[PDB]
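Remarks on the structure that follows.
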Amino acid sequence: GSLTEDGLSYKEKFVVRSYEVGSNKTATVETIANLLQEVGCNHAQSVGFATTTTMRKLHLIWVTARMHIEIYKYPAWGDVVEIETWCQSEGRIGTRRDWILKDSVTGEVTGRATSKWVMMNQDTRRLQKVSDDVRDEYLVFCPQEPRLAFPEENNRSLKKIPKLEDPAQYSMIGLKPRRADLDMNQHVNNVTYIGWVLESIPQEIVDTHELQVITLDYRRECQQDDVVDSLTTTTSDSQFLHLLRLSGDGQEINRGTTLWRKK
Amino acid sequence: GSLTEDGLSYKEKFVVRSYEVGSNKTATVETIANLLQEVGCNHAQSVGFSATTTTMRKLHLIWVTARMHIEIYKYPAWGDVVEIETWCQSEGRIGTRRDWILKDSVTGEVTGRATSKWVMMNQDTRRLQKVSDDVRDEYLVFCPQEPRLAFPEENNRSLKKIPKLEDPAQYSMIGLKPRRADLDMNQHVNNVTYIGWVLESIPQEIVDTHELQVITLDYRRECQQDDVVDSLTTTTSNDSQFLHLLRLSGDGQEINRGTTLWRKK
Ligand SMILES: CN(CCO)c1ccccn1
Ligand SMILES: CN(CCO)c1ccccn1
C-alpha cells in the first residue's frame with residue numbers, strides 16, 4: 001500500500017483469502033469491514049500517527065460513532081480488491097473516514113463506506129468537541145475541499161435510526177466475545193458488533209439475499225466479560241431494524257439498519 | 001505465492017495485519033493457524049485440486065483433519081512479513097500429512113513449524129476409511145517421495161498420546177457458540193475456531209505473563225452450527241503445561257482433546 005501522489009489519500013490491494021469467504025465463495029461483510037480498518041491503520045502509520053501528539057498528552061482517542069457500508073459486488077475468493085481511503089475534518093464535531101472499493105482487474109467501484117469518529121477521554125470515557133489546537137495538527141493530512149464517498153443529498157449514510165421496540169421479531173441471545181474478537185488494546189473489535197447484529201437475521205434471508213447496505217450506530221462498548229443480545233425486526237428488497245443490548249440490564253450498545261437484495 | 005522449482009512444495013508471503021495481532025502486537029496463534037490453512041488451500045489449487053481428487057469426488061470422499069500440532073519460536077510482529085512453505089506426504093493407507101515451516105522473510109530464520117494428520121471420510125455418512133490404492137496413486141506425484149518432516153526428532157511432541165481430562169476441570173469456559181464468521185464456505189465450523197475455544201479456558205493471567213510455545217489438538221467430532229460447547233482445562237505441570245477438553249454442552253460428547261505448553265515471558 002501507499003499514499004497517493006498528493007499525499008492526501010491512501011491505496012492498498014488485497015487478495016481475498018479462503019477463510020475470508022462465505023457460502024457464495026465471496027468475501028463476507030466482516031472481511032470487508034476488517035480490510036477497511038487495515039487500510040485506515042496503514043494510512044495513519046504512513047503519515048506519522050490515530051492519536052496526534054496533543055491527543056496523547058490529553059489522554060484523548062478517536063472512537064467510532066457511526067459506520068455505513070454499501071456493497072454492489074462482493075469480491076470472489078482469489079480476486080484482488082483495491083481500497084482507497086481518506087479523512088476529512090468535520091469542524092469541531094469530529095472527523096470522518098471514507099473508503100472506495102474497486103475491482104483491481106476492471107477498475108469499477110464495487111463498494112463504498114463512510115464512518116463518523118468522535119473524540120473521547122480514554123480514562124473517563126467522556127465525549128468532547130475537537131479543540132482548535134488538535135484540529136490544526138491533522139488538517140494538513142486531509143483534502144481541504146470536500147471529498148465524499150456518499151455525495152448524493154438525503155443519502156442512507158446520514159439517516160436517523162430509531163430504537164427497536166419489544167417484542168423483537170427475531171433474536172440471538174447470550175453472545176460473548178472470545179480472545180479472537182479483541183484488538184491489541186484488549187477492547188472488542190468494531191467488526192465483531194457487525195457480526196453480532198447479523199446473527200439475529202434468519203438463515204433463510206442470508207441463503208436467498210445479499211446484504212447491500214448496513215448502517216451501524218455505536219452507543220457504548222461491550223466489555224470482554226459482557227454478554228449481548230442481538231434483536232431484529234423486519235421494517236419492509238428486505239429491510240431490517242437492529243438493536244444490540246447487554247443481556248442483563250438491557251443497556252443499549254448499538255442500533256442499526258440493513259438492506260438486502262434478492263439473489 | 002508459488003510452487004517451488006521441483007513442484008513438490010509451495011511458498012507464500014504474508015504481511016501481518018493490525019486486527020490479526022494480540023496484546024503483544026504479534027500475530028495470535030489463530031492468525032498463524034488461518035495462514036497455514038490459506039497456504040494449504042493455495043498449494044491444492046496450484047496443482048489442480050478442489051483437496052479432493054477426481055476419484056474422491058466420484059465416491060463422495062473428503063479429507064478431514066485428525067490432528068494439528070503447532071510450535072512457535074517467535075510470533076511475527078504487526079507489519080512484518082512471514083514466509084510459509086508447505087508440502088504433503090502420503091502415509092500409506094492411514095492417510096496423508098501436511099507440514100509447514102514458518103520463516104521471518106527478513107532474517108530467513110525458522111520462527112515456527114507445524115504438522116497435521118488427515119484421514120479420508122465419506123462426506124454424507126461421516127464414516128472413516130483407509131486410503132485405497134487408486135486414490136493414493138492420483139496424489140503421490142504431488143508429494144516428495146522420500147520422507148520430509150517438519151518434526152524429525154525421535155521422541156517429538158507431535159506424535160504424543162493425549163489423555164482424556166477427568167472431571168472436575170481446574171478451569172472452564174461454558175456455553176461457547178459459533179457465529180457466521182466461524183463457518184467456512186461449506187457452512188462447517190472452521191478448524192481454527194476449535195483452537196480459539198480450547199484457549200478460552202486458559203486464565204487471562206497465564207496469557208498476560210506467558211507465550212504459547214506448543215499446541216497439539218486431536219479432532220474427534222465436529223461441532224455443528226447449532227451446537228454449544230464447554231472448554232475445560234487442567235494444569236499438568238518455568239514452563240506451564242495444560243490438558244484440554246472440548247465437549248458438547250448437554251450430553252458431554254467429546255469434540256476435541258489437546259495439550260498446550262507455555263513459557264514465561
Ligand atoms: C484526521 N486523521 C486523524 C487525526 O488524529 C487522520 C488523517 C489522515 C490520516 C490519518 N488520520
Ligand atoms: C496429497 N494431497 C491431497 C490430495 O487429495 C495433496 C498434495 C499436494 C497438494 C494438495 N494436496
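Worth knowing before you read on, the calculation uses all heavy atoms, side chains too, and leaves out hydrogens, waters and symmetry mates. In the text below, chain A, chain B and the rest are named by the order of the sequence lines, each starting its count at 1.
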Checklist entry - Considering only heavy atoms, which portion of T28(A) lies under 4.5 Å from any heavy atom of chain B: side chain, backbone, both, or neither? => result neither
Checklist entry - Does one side chain, of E71(B) or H69(B), offer a donor that lies under 3.5 Å from an acceptor on the other? => result no
Checklist outcome for this item: Given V15(A), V206(A), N42(A), the one with more heavy-atom pairs under 4.5 angstrom with chain B than any other is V206(A)
Checklist entry - Which class fits the ring pair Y10(A) and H43(A): parallel under 30°, tilted 30 to 60°, perpendicular over 60°? => result parallel
Next on the checklist: So for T26(A), is it side chain, backbone, both, or neither that comes closer than 4.5 Å to the heavy atoms of chain B?
Outcome noted: neither
Checklist entry - Does any heavy atom of chain B fall under 4.5 Å from the side chain of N189(A), the backbone, both, or neither of them? => result side chain
Item to check | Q186(A), part contacting chain B, at a heavy-atom distance under 4.5 Å | outcome: side chain
Item to check | Options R179(B), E30(B), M173(B), ranked by heavy-atom pairs under 4.5 Å with chain A, top entry | outcome: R179(B)
Checklist entry - If you look at every heavy atom in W196(A) and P177(A), which pair is closest and at what distance? => result CZ2-N, 3.6 Å
Checklist entry - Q203(A) versus chain B, heavy atoms under 4.5 Å apart: side chain, backbone, both or neither? => result both
Checklist entry - Only one of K117(B), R67(B), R257(B), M68(B) clears side chain to side chain contact (heavy atoms under 4.5 Å, CB included) with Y219(B); which? => result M68(B)
Next on the checklist: Under a 3.5 Å cutoff, is there a donor and acceptor pairing between the side chains of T4(B) and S9(B)?
Outcome noted: yes
Checklist entry - Hey, do the aromatic rings of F49(B) and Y139(B) have their centres closer than 6.0 Å? => result no
Next on the checklist: Given heavy-atom pairs under 4.5 angstrom as the criterion, report whether the side chain, backbone, both or neither of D181(A) touches chain B.
Outcome noted: side chain
